[PDB]
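Next up is one chain by itself, shown in structure tokens, the form deposited in one PDB entry.
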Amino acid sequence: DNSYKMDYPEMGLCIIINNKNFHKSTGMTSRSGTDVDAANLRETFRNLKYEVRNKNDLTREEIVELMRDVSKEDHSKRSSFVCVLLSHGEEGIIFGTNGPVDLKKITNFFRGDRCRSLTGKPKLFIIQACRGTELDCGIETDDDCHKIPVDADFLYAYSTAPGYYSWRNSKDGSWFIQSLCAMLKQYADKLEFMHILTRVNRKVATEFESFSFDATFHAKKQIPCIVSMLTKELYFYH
């Protein structure tokens, strides 16, 4: 039992929150290209056998509400849980159309003590959003009851390092989401999740570089950030 039981009747839900248009009141640009991201995740997770539910342009409130309701579902027959957040953001924050939401609030609904039908099951959060304004210019090449931690079995696949900008191309989508999808399509049938995510790290880090008319944003790099509290290996098959 080094790997998670992934032979339940259902793989699980894959909730995609796709925020494209924001309230002018926030002073935030449209996320051109995010639809391509959404469509790619949908098809990719569909082939993995996940029940996909897309949600477009949700308010901070709608996001909290969506997450609460989903955490209140009976996941007993589901192997895992995937949530993908596509939006603007800051460190520890994701933006609804009308304002920011703490990631901690979203993930808390899924704590091992608050979502009992998911206790002991992998809970994946995939987040394409900025975590700050830093830019990366790159470099040329005894005692033994039987409790488990409530923050355990979480995996947070971040599109970028803490404090840094996250890059999104207007026609093809975010660097991170395109690479994740591609790596999943190529390797989900043979590789452990962590290893697949390392391939993504590499692809994003080597194959992408920003091009901008504005010197300040031109020739920048990006590295994704895998944050794992998983206690087992994850394979998308059996």
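Residues carry their position along the shown sequence, with the first being 1.
Below, we turn to the form solved in complex with a partner chain, even though it does not appear here.
Participant: Any of the heavy atoms of residue 39 lying within 4.5 Å of its partner chain in the deposited bound form?
Facilitator: Close contact exists here: in the deposited bound form, residue 39 approaches its partner chain to within 4.5 Å, heavy atoms only.
Participant: So, in the deposited bound form, is residue 35 in contact with its partner chain at a 4.5 angstroms heavy atom limit?
Facilitator: Although its partner chain is absent here, residue 35 would touch it in the deposited bound form, with heavy atoms inside 4.5 Å.
Participant: Please run the contact check for residue 52 against its partner chain in the deposited bound form: heavy atoms, 4.5 angstroms, yes or no?
Facilitator: Residue 52 belongs to the contact set for its partner chain.
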